[PDB]
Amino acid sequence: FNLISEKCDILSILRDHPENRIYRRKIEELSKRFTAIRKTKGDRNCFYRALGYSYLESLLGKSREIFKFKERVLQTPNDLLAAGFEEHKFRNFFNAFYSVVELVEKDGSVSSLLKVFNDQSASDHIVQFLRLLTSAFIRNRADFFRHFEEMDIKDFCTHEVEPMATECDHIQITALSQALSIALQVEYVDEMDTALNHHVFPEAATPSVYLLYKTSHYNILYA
């Protein structure tokens, strides 16, 4: 479980910042609203890896939701092709993502899903697919995403989205949420003496997924 941990009690992360009063206060507050946490490896891929695992876990046993999601994933090669990615170059990454969606449908266990996300090869193929889809979605809707002036959208996607180990910001989160119709909530724990606070992507929605963002790193929360 080197990439995505077993579920732990929320207060188990107090030990990561001992005697730091603001982190202690915010984790204590968070523990009133969430019961458990899964840790992710900090390798610059943790947003994509956490979102991928948590969203697919939330689908286990939900036959209609799985069927609708599989219908969208089957269309995603057209998004990639429209943005100028070539099929022979994304095929191996698309096939890895489609395989793990079929595992959710046909196998349906937390233990099998956790095994795929902790297999370095399968998990990294999944992350790379999600990065190319994020890039395609931004490229194909450049008029909308210019808002997140001096930098080309194309150059942003080439440098800060497509390469493995490049960190996320609001733009990548909004884009992948829109590209796969995944509603998620991010809880922010920074070192300032401020209120524990969150954002929902998109604004109106009931979240499937809760993430904790802290020391530029994304972990999974359970309500």
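The numbering used is simple: start at 1 and walk along the sequence shown. By rigid core we mean the largest C-alpha set that fits within 1.5 Å across both forms.
Put simply, when the other structures in 8 other deposited structures of this protein are lined up on the rigid core, the C-alpha atoms of 149-157 lie farther off than those of the other stretch, from 130-138 and 149-157. Core-fitted comparison in 8 other deposited structures of this protein shows that, between 139-147 and 73-81, the CA atoms farther from the shown form belong to 139-147. Annotation for 152-160 versus 60-68: the higher mean temperature factor (C-alpha) is found in 152-160.
Comparing 130-138 with 86-94, the stretch with the higher mean C-alpha B-factor in the PDB entry is 86-94.
In this entry, the residue among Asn197, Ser54, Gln185, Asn45 with the greatest C-alpha B factor is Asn197. Per-chain ranking of the deposited C-alpha B factor places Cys168 in the highest third.
In the deposited entry, the Cα temperature factor of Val209 sits in the middle third of values across the chain's modelled residues. In this PDB entry, the Cα temperature factor of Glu102 sits in the middle third of its chain's modelled residues. Sort the modelled residues of the chain by CA B factor and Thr35 lands in the highest third.
The PDB entry assigns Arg49 a C-alpha temperature factor belonging to the lowest third of its chain's modelled residues.
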